[PDB]
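Residue-level listing of the chains:
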Amino acid sequence: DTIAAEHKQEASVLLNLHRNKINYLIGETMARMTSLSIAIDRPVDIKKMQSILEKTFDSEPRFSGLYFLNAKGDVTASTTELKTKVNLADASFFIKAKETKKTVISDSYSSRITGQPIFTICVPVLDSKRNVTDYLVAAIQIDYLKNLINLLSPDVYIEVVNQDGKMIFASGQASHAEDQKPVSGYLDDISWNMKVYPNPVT
Amino acid sequence: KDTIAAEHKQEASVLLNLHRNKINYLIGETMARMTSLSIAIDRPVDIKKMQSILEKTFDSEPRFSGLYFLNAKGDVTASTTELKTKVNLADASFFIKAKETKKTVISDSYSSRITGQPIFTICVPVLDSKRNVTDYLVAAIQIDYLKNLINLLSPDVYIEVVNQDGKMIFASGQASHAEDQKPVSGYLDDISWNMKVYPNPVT
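The PDB entry lists chain B under the name Sporulation kinase D, with Bacillus subtilis subsp. subtilis as the source organism.

Chain A carries the name Sporulation kinase D in the PDB entry, which gives Bacillus subtilis subsp. subtilis as its organism.

Engineer: Got a minute to help me understand the sheet that holds strand β7 (residues 158–163) of chain B in this structure?
Structural biologist: Residue and element names in this part refer to chain B. The four strands lie next to each other as β8-β7-β10-β9, forming an open sheet whose pairing is antiparallel. Strands with a single pairing partner mark the edges of an open sheet, and in this sheet they are β8 (168–172) and β9 (184–187). If you compare each strand with its neighbour and ignore which way they point, the axes differ by 15° on average. As paired strands, β7 and strand β10 (residues 193–198) are joined by six bridges and run antiparallel to one another. What sits directly across from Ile159, in β10, is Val197.

Engineer: Got a minute to help me understand the nonpolar core in this structure?
Structural biologist: Nonpolar side chains in soluble globular proteins generally cluster together in the buried interior. Counting 82 residues, the largest nonpolar core has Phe119(A), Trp192(A), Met194(A), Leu137(B), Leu146(B), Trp193(B) and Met195(B) as the members making the most contacts within it. Look past the residues within four positions of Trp193(B) in its chain and what remains in contact with it is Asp108(B), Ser109(B), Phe120(B), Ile143(B), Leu146(B), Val161(B), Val162(B), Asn163(B), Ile169(B), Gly186(B), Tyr187(B) and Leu188(B). Among the nonpolar cores identified, the runner-up in size contains 17 residues, and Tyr68(B), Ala92(B), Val105(B) and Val133(B) belong to it.

Rules used in this analysis
We count residues from 1 along each chain, following the written sequence rather than the entry's numbering, and we skip any residue without coordinates. Whichever chain is written first is A, and whichever ligand is written first is 1; the rest continue in order. Side-chain measures were taken over the full set of non-hydrogen atoms in the model, leaving aside hydrogen atoms and water. Residues with missing side-chain atoms are left out of burial classes, side-chain pairs and their counts. One bridge is not enough; two strands pair if DSSP finds at least two bridges between them. Each helix is a run of DSSP H or I of at least 4 residues and each strand a run of E of at least 2, with the numbering of both proceeding from the N terminus. Between N-to-C directions, angles cover 0 to 180 degrees, with each direction set by a line fitted to C-alpha atoms, over the stretch in contact for helices. We call a set of buried residues a nonpolar core when its members are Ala, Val, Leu, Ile, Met, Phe, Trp, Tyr or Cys and they connect through side-chain atoms within 4.5 Å of each other. Each residue is placed in one exposure class: buried if its accessible area under a 1.4 Å probe, protein chains only, is under 20% of its type's maximum, exposed if it is over 50%, and partly exposed if it falls in between. Contacts were defined at the residue level, with two residues in contact if any of their heavy atoms lie within 4.5 Å.

So this is what it looks like as structure tokens:
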């Protein structure tokens, strides 16, 4: 009954290793975007913004894309080469960012631009008068996070789920989890619950 | 029991990673913050606008002793700390290393030439397009702030932070608690600081 105890500890240690890596990713990304939003000289040269987004996005496989929105929510700069004009004024994160005038981290969803699952960090750009003028938007690929976890822990079963039971992603074979209770824990900045299943004793 | 020992040894290995990761994050996030500045600032750099960005950045960030901006010569030309007499940092270890390497540098701990407090600095060279160093972003962080961070979670364990040469960076907790214990220890990612967490003893 006590190889079990060790397997439960190993799980708890994976839980922490893994939340940290993701909490870092998100925290660092917010930090970068916040820097950009402060350092932009007004009025914004859209071409200049574009080159900065490209420099930033280069070599960070984490990013699905990075985008700049006008006050109306039209994508005005984009690391993804667009085939139509895109407007995001209807996305919850947009609406929430506009309202709160605070940074926002969205739930997962399927990218309007790339069609794959992602979640985004949105940072409104403010005025002297504290009006939102523009929005910086970084989108992170969910699958990137899956693989991050899957390469370090292929033989554990780990699922991440949001507050409403939506499956964000799952790593490993669910078989490795049978007769197991999972060790769980929420992330810092999104309300995703990670669940790490102890391995069974042999 | 030996059973309860291995447990406390692990309670401590859990603390090592917890705290290492917290500092590792603190440093990396700060680097990222400065890196993004160098990238997005219009060049050539306007110090008025620079001065304002540093102030905005230093806002709600008890992390910092201060943010500074240096020119190629090492003169502090923007600062979040009200300066009396013109300051130059060309002689600073980290400055020399930064000019040289044209890469980000994380200093060891030392006493602030500016605030007289114990700090360590992150120095990010600002490069022109021909890859020449034109300026330097400098972020100073209070060692105090880090002590508090550890203390906040584990005020009842003994944690020692020491550099590659045996210099005490800081200690958190009462050393009484370390008696008869071997520490679970490990180095940070971006500074050569070795963190040592001493298991709690048995009831």
